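Breakdown of the fold
Below, each chain spelled out in residue letters.
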Amino acid sequence: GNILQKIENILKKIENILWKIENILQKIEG
Amino acid sequence: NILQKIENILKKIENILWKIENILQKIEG
Amino acid sequence: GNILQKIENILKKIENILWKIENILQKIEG
Amino acid sequence: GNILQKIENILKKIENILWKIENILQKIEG
Amino acid sequence: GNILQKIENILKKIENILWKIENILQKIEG
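Residues numbered from 1 in each chain as written, not as in the entry; some residues may be left out. Chains lettered and ligands numbered in written order. Heavy atoms only, no water. Residues with missing side-chain atoms left out of burial classes, pairs and counts.

1. Considerations on the interface of chain C and chain E
Here is the rule we go by: Contacts were defined at the residue level, with two residues in contact if any of their heavy atoms lie within 4.5 Å. By buried area we mean the combined loss of accessible area, with a 1.4 Å probe, across both parts when two parts are placed together. The salt bridge criterion pairs a side-chain nitrogen of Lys or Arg with a carboxyl oxygen of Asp or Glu, the two atoms within 4 Å. For the purposes of these results, a polar contact is taken to be a pair of N or O atoms within 3.5 Å, where, inside protein, one atom must be able to donate a hydrogen and its partner to accept one; residues adjacent in sequence count only when each atom of the pair is a side-chain atom.
Taken together, the 14 residues of chain C in the interface contact 15 residues of chain E. Carbon and sulfur atoms supply 85% of the area that chain C and chain E bury against each other, a total of about 1,300 Å² over both sides. In this structure, the connection of chain C to chain E is made through one salt bridge. Residue C:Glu29 is joined to E:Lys27 by a salt bridge in which the shortest nitrogen-to-oxygen separation is 3.2 Å. Between the two partners, chain C and chain E, sit one residue pair in polar contact.

Okay, structure coming up:
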């Protein structure tokens, strides 16, 4: 129930961190 | 549904990782 | 749909992409 | 300790590793 | 094993690959 909500929330955080990594790499390569 | 949302976020994560992978291919280039 | 099978399939692709990333990074570090 | 909790723990570990990777890159780009 | 265990196992592989990636980056300050 709420554990699925915890899993969803962690995946959103993972997504957000990956976006940050992508942006740093884009600036480096750009 | 929560399972569909989880699936949707994972698809987004896959897409971001593809972008990261292509950028690294360029950097290693 | 079969949401759990879709989730499994997406995770397999994520694994594959990450393995490619690790290999590219190995070359960069070399 | 059910399978969902185990999955949650692994995702939390993934999140933390990604944070570390981002933290290192933030330094590299300066 | 069942579908949730298959998913857990793929997540473990993802974690492990990310740890490898992190390991390479950690060397710079380490």
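2. Thoughts on the relation of the copies chain C and chain E
Going by this rule: Alignment of copies: least-squares superposition, C-alpha atoms only.
For the pair chain C and chain E, the relating rotation is 74°, the translation along its axis is 0.0 Å, and the fit reaches an RMSD of 1.8 Å. The relationship between the two copies is best expressed as a five-fold rotation axis.

3. Focus on the pattern of salt bridges
Residues and elements named next belong to chain A. Definition in use: For the purposes of this entry, the term helix denotes a DSSP run of H or I that reaches at least four residues, the term strand denotes a run of E that reaches at least two, and both are numbered from the N terminus.
One pass over the full model with this rule turns up six salt bridges over all chains. Between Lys12 and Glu8 there is a salt bridge whose closest N-O contact spans 3.3 Å. A residue pair is termed a helical-turn pair when its members lie 3 or 4 positions apart in one helix, as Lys12 and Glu8 do in helix 1 (residues 2-29) at four residues.

4. Notes on the interface of chain B and chain A
Applicable threshold: Residues are grouped as follows: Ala, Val, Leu, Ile, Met, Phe, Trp, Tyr, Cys and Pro are nonpolar; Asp, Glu, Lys and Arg are charged; all remaining types, including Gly, are polar.
In this assembly, 16 residues from chain B lie in contact with 15 residues from chain A. Residues of the side of chain B that touches chain A, tallied by class, amount to twelve nonpolar, no polar and four charged.

5. Quick word on the arrangement of the chains
With respect to C-alpha atoms, chain B approaches chain D no nearer than 12 Å, and the pair has no contact. The two units chain A and chain E remain apart, with a minimum C-alpha distance of 12 Å.

6. Examining the packing of helix 1 (residues 3-29) of chain D against helix 1 (residues 3-26) of chain E
As a reminder of what qualifies: Each axis is a line fitted through C-alpha atoms, and for a helix only the stretch in contact is used; angles between axes span 0 to 180 degrees, taken between their N-to-C directions. Should an angle fall under 35 degrees it is called roughly parallel, over 145 degrees roughly antiparallel, and 65 to 115 degrees roughly perpendicular, with every other angle called oblique. Here is the rule for handedness: rotate from the far helix to the near one, and if that takes an anticlockwise turn smaller than a right angle the crossing is left-handed, while a clockwise turn gives right-handed.
Two elements in contact, helix 1 of chain D and helix 1 of chain E, have axes whose closest approach is 9 Å; the angle formed by their N-to-C orientations is 20°. On the basis of their axis angle, the class for helix 1 of chain D and helix 1 of chain E is roughly parallel. Along this stretch, helix 1 of chain D crosses helix 1 of chain E, giving a crossing that reads as left-handed. A breakdown of the residues in the contact of helix 1 of chain D with helix 1 of chain E according to their chemical character gives 19 nonpolar, two polar and seven charged.

7. With respect to the environment of E:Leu25
Along the chain, E:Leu25 falls in helix 1. With residues near it in sequence (within four places) discarded, E:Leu25 still touches C:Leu25, D:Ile21, D:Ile24 and D:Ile28.

8. Focus: the side chain of A:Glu15
Along the chain, A:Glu15 falls in helix 1. Contact partners of A:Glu15, with chain neighbours within four places excluded, come to B:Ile9, B:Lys12, B:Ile13 and B:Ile16.

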